[PDB]
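Visitor:
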Amino acid sequence: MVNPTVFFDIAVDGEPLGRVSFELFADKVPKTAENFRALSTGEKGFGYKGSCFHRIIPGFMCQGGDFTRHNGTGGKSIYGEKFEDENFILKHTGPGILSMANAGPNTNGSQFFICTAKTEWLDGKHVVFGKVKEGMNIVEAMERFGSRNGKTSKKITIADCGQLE
Ligand SMILES: CC(C)[C@@H]1OC(=O)C(C)(C)/C=C/c2ccc3ccc(nc3c2)[C@@H](C)NC(=O)[C@@H]2CCCN(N2)C(=O)[C@H](C)NC1=O
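When the sequence shown is numbered by the entry's author numbering, its final residue is 165 and no position is left out of the sequence of numbers.
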């Protein structure tokens, strides 16, 4: 089995910025990786294309994936509105870690975050399931549109997304 790779093409106020690609650790968290993979291809009929990064805190993380309410209160998984925490094998080791956002135990949906710092205090409560493979420079560029309270100064969108391999 080969861990899947997905990509996001990022835009800033509609203008193309660049691509971020991710390795999804399906060998360690297959249910969580499959959710993010399928939402990235849109193959269930819904997913990330067109959604935004609603909270970007420089020196911390970029959060996105709310395609139902567009503001960080919504989203849904391919398994239903919520699904369980699969495991916590992987840790928040540094910039580029891809992890699930949640509102409590066993509340994963579609929202995710990309770390731009080591966030070890989230270990064991957010499921880590991938990492940036290429385009950390694009993530760093996105980070410059964030702010201390997370509000973005330009609209940061996933203009396209899908699977590479
Ligand atoms: C998935 C979604 C439904 C959920 O939303 C909620 O629980 C509700 C809708 C209640 C919003 C809470 C909320 C709002 C604004 C914030 C501003 C700032 C902060 N936390 C915030 C948390 C700071 C300290 N931490 C984060 O930014 C962390 C980083 C890791 C990912 N991550 N955010 C979540 O997983 C949050 C913990 N959960 C949610 O965003």
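Idealized CB from N, CA, C, for every residue including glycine.
Rounded C-beta distance between residue 88 and residue 124? I'm assuming under 8 angstroms.
Guide: Within the sequence shown, the letter at position 88 stands for residue 88. Within the sequence shown, the letter at position 124 stands for residue 124. Indeed, because the Cβ distance is near 5 angstroms, the residues count as touching under 8 angstroms.
Visitor: Can you list, in chain order, the residues of its chain whose CB lies under 8 angstroms from that of residue 139, leaving out five sequence neighbours each side?
Guide: The residue given as residue 139 occupies position 139 in the sequence shown. If we look at residue 139 and ignore the five residues flanking it on each side, its Cβ neighbours are 20, 62, 95, 96, 114, 116 and 132.
Visitor: Since residue 166 is in the alpha helix (DSSP H), which residue starts that stretch and which ends it?
Guide: With the chain represented from 1 up to 165, any question about residue 166 goes unanswered, as that position is not in the structure.
Visitor: Does the stretch 70–77 touch the stretch 11–27, meaning 3 or more C-beta pairs lie closer than 8 angstroms?
Guide: Counting Cβ pairs under 8 angstroms, fewer than three are found: no touch.
Visitor: Just to confirm my understanding: we take residue 119, look at its own chain, exclude 5 residues before and 5 after, and list those with CB closer than 6 angstroms. What are they?
Guide: Taking the sequence shown and counting its residues from 1, the one referred to as residue 119 is at position 119. The residues are 92.
Visitor: Give the straight-line distance between the Cα atoms of residue 161 and residue 90, rounded to the nearest whole angstrom.
Guide: As a first step, residue 161 is located in the sequence shown; it is residue number 161 there, counting from the start. As a first step, residue 90 is located in the sequence shown; it is residue number 90 there, counting from the start. If I take the Cα positions, the gap works out to 24 angstroms.
Visitor: Check this for me: beta carbons of residue 109 and residue 151, under 7 angstroms apart or not?
Guide: Reading the sequence shown from its first residue, position 109 is the one you call residue 109. Reading the sequence shown from its first residue, position 151 is the one you call residue 151. The answer is no: Cβ separation not under 7 angstroms.
Visitor: Tell me whether residue 73 counts as near ligand 1, meaning its Cβ is closer than 6 angstroms to at least one heavy atom of that ligand.
Guide: As a first step, residue 73 must be located in the sequence shown, where it is residue number 73. The answer is yes for residue 73.
Visitor: Going by beta carbon distance, what residues of the same chain come within less than 7 angstroms of residue 244, once the five residues before and after it are set aside?
Guide: The requested residue 244 is not part of the displayed model; the chain covers only 1 to 165.
Visitor: Can you list the beta strand (DSSP E) stretches of 3 or more residues lying completely in the stretch 64–145, in chain order?
Guide: Correct list: 97–100, 112–115 and 128–134.
Visitor: Just to check, is the beta-carbon of residue 113 closer than 6 angstroms to a non-hydrogen atom of ligand 2?
Guide: As presented, the structure is devoid of ligand 2, carrying ligand 1 as its sole ligands.
Visitor: Going by the C-beta, is residue 142 closer than 6 angstroms to any heavy atom of ligand 1?
Guide: On the sequence shown, residue 142 is found 142 positions in, with the first residue counted as 1. No; taking the cut-off as 6 angstroms, the Cβ of residue 142 has no heavy atom of ligand 1 nearer than that.
Visitor: Flag residue 101 as yes when its Cβ comes closer than 6 angstroms to any non-hydrogen atom of ligand 1, and as no otherwise.
Guide: Taking the sequence shown and counting its residues from 1, one reaches residue 101 at position 101. Answer for residue 101: yes, Cβ within range of ligand 1.
Visitor: Thinking C-alpha only, which one of 5, 60, 153 and 13 is nearest residue 35?
Guide: Indexing the sequence shown from 1 puts residue 35 at position 35. For the residues 5, 60, 153 and 13, the minimum Cα distance to residue 35 belongs to 5.
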